[PDB]
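One chain comes next, on its own, written out as structure tokens in the form deposited in one PDB entry.
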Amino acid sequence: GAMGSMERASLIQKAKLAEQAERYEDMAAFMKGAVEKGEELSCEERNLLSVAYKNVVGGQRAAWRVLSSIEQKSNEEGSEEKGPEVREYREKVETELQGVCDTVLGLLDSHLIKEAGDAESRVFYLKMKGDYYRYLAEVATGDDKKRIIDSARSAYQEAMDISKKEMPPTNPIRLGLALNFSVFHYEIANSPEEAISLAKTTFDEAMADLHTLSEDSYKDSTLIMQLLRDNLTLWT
């Protein structure tokens, strides 16, 4: 912990500066340091943690997919051998991606999930756990690929059970969870029908709850319902 020397409040203030600077590596290191102070995270602080690591791992996933595509093209029939460089560099990026996923899963495990009592915090962390097991699953090819997928499904399912009992169908974390769990069904678990069914059901129940919302809550929820509808338009 190179952040163990900095004040929790200064770590949070600098995570926000780093976001405005688009310095997501710094933002994640700052939020990592804030979590390691051992206090629970506020709603705003959870978003900073999530936003920071999503941008870091998003840059790595984009790079992994470009290199994996170049590597597959060089394994065609009539492809000209170019040596091990494509595979070595795809392995390097992949190893770096797995380290970020393991760092995040380590923070949720020590000890964010076990101290998260409120529905909103616990559903948020269990979603994050499903998401980062999902990113590991995107690059997994060995024996543990099945175990990684089940680790993602298991965390997603527990978040879904809580969010169904404890949150309205329009709650943005509940809709974001359903969006992501749906995509997991589609492209990780080979369950495109389950993916479509969850997205349609999530969209319909939120639509029926919109009348209870203020104009700002209504804008938050409708934004996420539009992402559900876009996925459904793409898959049907």
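Here the rigid core means the biggest group of C-alpha atoms that line up within 1.5 Å when the two forms are laid on top of each other. Residue numbers here begin at 1 and follow the sequence given.
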| Thinking of the other compared PDB entries, is residue 79 one of those residues unmodelled in at least a third of them? | yes
| message | Please compare 151 to 159 with 83 to 91 and say which has the higher mean C-alpha temperature factor in the record. | response | 83 to 91
| Comparing 62 to 70 with 30 to 38, where is the mean C-alpha B-factor higher? | 62 to 70
| message | Comparing recorded Cα B-factors across 198, 175, 167, 48, which one is largest? | response | 167
| remark: Among 18, 11, 228, 223, highest Cα B-factor in the entry goes to 223
| residue 55 - which third its CA temperature factor falls in, relative to the rest of the chain | lowest
| request: Within this chain's modelled residues, let me know which third the CA B factor of residue 205 belongs to: lowest, middle or highest. | output: highest
| field | Modelled-residue ranking by C-alpha temperature factor, third containing residue 145 | value | highest
| task | Give the position of residue 123 by CA B-factor within its chain, expressed as the lowest, middle or highest third. | result | lowest
| Mind checking which third residue 113 falls in for C-alpha B-factor across the chain? | middle
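A second form of this protein, the form deposited in another entry, is not displayed here; the remarks below concern that form.
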| said: How about residue 217 - superposed on the rigid core, does its CA move between the shown form and the other one by 2 Å or more? | reply: yes
